[PDB]
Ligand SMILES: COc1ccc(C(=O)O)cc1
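Only one chain is given next, in structure tokens, and it is the form deposited without this ligand.
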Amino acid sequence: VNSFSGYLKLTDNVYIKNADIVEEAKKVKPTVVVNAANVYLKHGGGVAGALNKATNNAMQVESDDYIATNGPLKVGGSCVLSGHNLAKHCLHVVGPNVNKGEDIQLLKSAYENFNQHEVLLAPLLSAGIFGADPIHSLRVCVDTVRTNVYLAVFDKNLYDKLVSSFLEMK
């Protein structure tokens, strides 16, 4: 379990790889894969769509059932559900959607959920269709998470920008 390779070490607990999080999950079968979710766990596109498609919609069926019960998540919150064929657990984490003016302060709350798990395979939160500054999201991740997070960034342009920015932060 958790046999990650090819990651660049940024800090003592944050690693980054240019890779598809679904392919990483299939190769490693991590204890926890993080989903970049919305409050209804509607896994339409991006990371959520990729993860759900890999489960042939089992993640969505499970998610629809959770929401039908406990109601939607809060922005900045999370829930632990099955990892299906990708991982033992999936931590669905809701970062703020700044395309909707959701408070960017909730990005720190979002990353704080990672601290409930020893080791996570995760995407960068609130970027892509959530619209947040991805350098900012990396900075909040590095500043906030206390446990071991392995970040999988599919987009090579974004990956190179993130790594170049991290080298210039310190």
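Note that residue numbering begins at 1 and tracks the sequence as displayed.
If you average the CA temperature factors as listed in the entry, which stretch comes out higher, 119 to 127 or 137 to 145? Result: 137 to 145.
Mean Cα B-factor comparison, 67 to 75 or 84 to 92, giving the higher one as deposited: Result: 67 to 75.
Please pick out which of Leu41, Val47, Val28, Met59 has the largest Cα B-factor as recorded in the entry. The C-alpha B-factor peaks, among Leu41, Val47, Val28, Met59, at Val28.
Which third, lowest, middle or highest, does the C-alpha temperature factor of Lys17 belong to within its own chain? Bottom third by C-alpha B-factor.
Among modelled residues of the same chain, the CA temperature factor third for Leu106: Within its chain, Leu106 is a middle-third residue by C-alpha B-factor, going by the deposited values.
Among the modelled residues of this chain, does the Cα B factor of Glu24 put it in the lowest, middle or highest third? Within its chain, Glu24 is a lowest-third residue by C-alpha B-factor, going by the deposited values.
For the chain shown, is the CA B-factor of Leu158 in the lowest, middle or highest third of its modelled residues? For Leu158, the deposited C-alpha B-factor lands in the highest third.
One more form of this protein exists, namely the form solved in complex with this ligand; it is left out here, but the text below deals with it.
For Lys88, is any heavy atom within 4.5 Å of this ligand in the bound PDB entry, or not? Close contact exists here: in the bound PDB entry, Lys88 approaches this ligand to within 4.5 Å, heavy atoms only.
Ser109 versus this ligand, in the bound PDB entry: is there a non-hydrogen atom within 4.5 Å? The answer is no: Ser109 has no heavy atom within 4.5 Å of this ligand.
I'd like to know whether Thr144 contacts this ligand in the bound PDB entry, with contact meaning heavy atoms within 4.5 angstroms. Contact check for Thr144: no, nothing within 4.5 Å of this ligand in the bound PDB entry.
Can you tell me if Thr31 lies within 4.5 angstroms of this ligand in the bound PDB entry, counting non-hydrogen atoms only? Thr31: yes, in contact with this ligand in the bound PDB entry.
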